[PDB]
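Single-structure report; data block below.
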Protein chains: 2
Amino acid sequence: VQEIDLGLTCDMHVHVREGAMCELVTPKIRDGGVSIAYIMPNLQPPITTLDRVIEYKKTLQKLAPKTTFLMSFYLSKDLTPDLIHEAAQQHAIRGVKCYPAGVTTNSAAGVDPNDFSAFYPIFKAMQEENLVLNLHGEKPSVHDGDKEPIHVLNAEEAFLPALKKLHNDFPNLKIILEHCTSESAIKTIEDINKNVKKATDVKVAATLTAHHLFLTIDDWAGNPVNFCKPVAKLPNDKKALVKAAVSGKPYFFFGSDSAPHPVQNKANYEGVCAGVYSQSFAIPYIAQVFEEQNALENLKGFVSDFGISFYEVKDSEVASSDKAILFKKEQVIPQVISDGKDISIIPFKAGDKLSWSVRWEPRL
Amino acid sequence: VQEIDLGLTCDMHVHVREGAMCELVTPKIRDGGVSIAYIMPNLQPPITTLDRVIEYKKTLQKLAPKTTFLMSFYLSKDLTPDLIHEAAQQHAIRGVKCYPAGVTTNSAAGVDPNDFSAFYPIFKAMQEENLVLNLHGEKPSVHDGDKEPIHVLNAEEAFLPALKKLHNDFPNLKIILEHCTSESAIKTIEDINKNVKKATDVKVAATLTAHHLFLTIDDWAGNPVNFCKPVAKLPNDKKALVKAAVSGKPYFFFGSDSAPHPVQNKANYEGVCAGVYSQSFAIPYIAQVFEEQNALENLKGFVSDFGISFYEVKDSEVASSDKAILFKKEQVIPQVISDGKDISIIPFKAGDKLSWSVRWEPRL
Ligand SMILES: O=c1[nH]cc(F)c(=O)[nH]1
Ligand SMILES: O=c1[nH]cc(F)c(=O)[nH]1
Ligand SMILES: [Zn+2]
Ligand SMILES: [Zn+2]
Ligand SMILES: [Zn+2]
Ligand SMILES: [Zn+2]
């Protein structure tokens, strides 16, 4: 069979929850082919204190000894510059993730993106400490009308001005637009990096999930098992995301936004939970897209090089030097991923076949 | 004011199913404030024979004796022109409802709206007997190359050319574009009727449901109770649909498409059944919209005059001359509508309050 050496794979956008769900999914980071994971903080309650973020990490390290864990704070009014400096100096966090209020899971305690200025003390601290500002780039929905209405299909586009202002007011702050879903977002990211030479000139980057390289609105209309935020959009939007993933440009890299929910939280008649579970086959999902685009040469950059470069991951922190090797063995996605107790998850593309699998090999 | 006499209200898009669902739902046409109801044919198997429509009608008359029932055929691969003639002259049907294949509930036995020509002999038979052809105007979805993609958001707009051709080849045929959802469809219906002098000049008309005057995509993204076909679209579309409802023009009138399903067919993680159940409060729902637009003068035309005029309903056919009286008593929509046995339904806008109720008064 043929093999592809991918090195230290990166998934810079992971949800791993708490409790038994966390014991179920955290080992699946490695099985999915991912060596380094950026952990998102939207627990209940949100992670806003130093002791709890340092209480979450070793719990994950205990569940997965070989996986490198970059942690984050949840952007909240309970954060202070001294908290940001203390957390950075103790190597507890690697960035702060912002959730607009009400737009996705556990975002009710979030910020209004028609402000952001109230968090300028926080951004100055993060800029001084070289932390990353992660943005769930969606404006909350407004349907009445003075300004043009915001809804799930243009909310991301309506957010692009807020990103542009943040980057102008903080030119040295590393900012990621998480899980880009619209062509407008791709063009804004490309234009911001118009005079970019090498990868380290990138200060504003964007992550792309696995599922948005497959899904369009027709896949989640009537299928809550494919419903997520931001919502998958039009075929032209999916084309732009795929061309950006295989582009080879250093300001697009992989962030799965694997968001597990028990099956009974997706089979609601109202209030369905947003989120697609992709951890168990994260790298093979991406390999399939890259294979169909005849762009497999560019896979290592999108899932490994560019995320390590942007996050400045050193071997000093990496928990294991094992290399993820992709090999072309066909496999079938199970129908459920269960902990054999109370938790069952429907995986992304359940029942479908993938051309690749993943194994680990040490270095030297 | 306090009371509005709406006369003989008509809901020209009704689904009542069979069995225990039917016994539950059919009496709620009258409870909703509707005297005349056009019954749809998408049962299992579809209604395509004279014996099955008549027995269906007899069941509905037994369950709701004071409700006037207009029946329909399912546009099917085994319908015949002489069937249309025999059914029309026996006064068993008033029209044939077309379902594009796969686009909605029980549409698998449907048509491909790209080769309507196979049904022109049937359309020519319906034209001769002055029957109504009801159109679920949506093209089936296309993601597969060359041709521009079709999805739930433009499937209605992609269907408008077919409606245009069908009316051009059959100018005397009464055709209804059922449940409009897009501004594109509204503008096309306006253009088809540019200089129509009054209601009997209308031959291509459009029905608006109750739920499409409230809903947008943000309401059904995470709420399968509000998921239906065609999907509710953008605020700009709802602007047009609402405006057309209160328009006072005779080519827009009420058709609820109340489509009941048991709750367990809505709380799926995939394959959610399309359909919003609104029968039980059909007229009060619409009264809310006409009230909020300060257009209650036009409620009688939208909910009674134009439907009766277009379908040319005569007093000889009506099962009861009782008048629908709308009166401003506040009521609360239940959380569930149950038959006390196996069937529970979440009504549209469950738990919300309506400013109006409806009662019946006889003709003396
Ligand atoms: O962006 C997100 N979508 C869905 C989730 F469950 C989550 O936790 N975060
Ligand atoms: O147009 C329709 N949508 C949903 C249904 F269940 C139905 O029967 N008809
Ligand atoms: Zn997010
Ligand atoms: Zn996320
Ligand atoms: Zn329909
Ligand atoms: Zn219908």
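For this structure, a couple of remarks:
- Candidates B:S76, B:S72, filtered to the one that is away from ligand 1 (no atom under 16 Å from the Cβ) and out of contact with any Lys or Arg (no Cβ under 6 Å at 6 or more places or on another chain): B:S76
- Every residue from segment A:94-124 that is crowded, with 21+ Cβ neighbours inside 10 Å, free of Cβ contacts under 8 Å to residues at least 40 places away in the same chain and touching a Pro at 6+ places or on another chain (Cβ under 6 Å): A:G110
- Near pairs, Cβ below 9 angstrom, 6+ apart or cross-chain, from segment B:254-270 (closer than 25 Å to B:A205 by Cβ) to any residue that is near ligand 2 (Cβ under 9 Å from one of its atoms) and acidic (D, E): B:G255/B:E178; B:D257/B:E178
- For B:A221, the conditions (1) in contact with a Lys or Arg (Cβ under 6 Å, 6 or more places away or on another chain); (2) within 16 Å of ligand 1 (Cβ to nearest atom) are fulfilled apart from (1).
- Counting the residues of segment A:246-271 that are of a type in the set (S, T, N, Q), outside any loop (DSSP other than H, G, I, E, B) and within 13 Å of chain B (Cβ to nearest Cβ) gives 2.
- Whichever residue in segment A:87-138 is in a loop (DSSP other than H, G, I, E, B) and of a type in the set (S, T, N, Q) and, among such residues, is nearest to ligand 3 (Cβ to nearest atom): A:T104
- Restricting B:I192, B:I175, B:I150, B:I186 to those that are of a type in the set (V, I, T) and free of Cβ contacts under 8 Å to residues at least 24 places away in the same chain reduces the list to B:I150.
- Out of A:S280, A:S304, A:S316, one residue alone is of a type outside the set (D, E), surrounded by fewer than 22 Cβ atoms within 10 Å (Cβ to Cβ) and either within 14 Å of chain B (Cβ to nearest Cβ) or not in a strand (DSSP E or B) (or both). It is A:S316.
- Given (1) within 14 Å of chain B (Cβ to nearest Cβ); (2) surrounded by 24 or more Cβ atoms within 10 Å (Cβ to Cβ), index of the condition A:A274 fails: (2)
- Checking every residue in segment B:131-146 against the condition of being under 17 Å from B:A206 (Cβ atoms), surrounded by 16 or more Cβ atoms within 10 Å (Cβ to Cβ) and within 14 Å of another protein chain (Cβ to nearest Cβ) gives at least one match.
- Here B:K243 passes the criteria (1) outside any loop (DSSP other than H, G, I, E, B); (2) touching a helix residue (DSSP H, G or I) at 6+ places or on another chain (Cβ under 6 Å) except the one numbered (2).
- Residue match in segment A:37-56 (condition: surrounded by 21 or more Cβ atoms within 10 Å (Cβ to Cβ) and under 26 Å from A:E297 (Cα atoms)): yes
- A single entry from B:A259, B:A232 fulfils the requirement of being within 16 Å of ligand 2 (Cβ to nearest atom), more than 30 Å from A:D146 (Cβ to Cβ) and buried (at least 18 other Cβ atoms within 10 Å of the Cβ): B:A259.
- Qualifying residue in segment A:271-286 (condition: more than 25 Å from A:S338 (Cβ to Cβ) and more than 17 Å from the chain's Cα centre (by Cα)): no
Don't worry about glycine lacking a Cβ; one is built from the backbone with ideal geometry, like all the others, and counts go over all protein chains shown. Taken together, the values in this text are just the output of simple stated rules run on the coordinates, not laboratory data.
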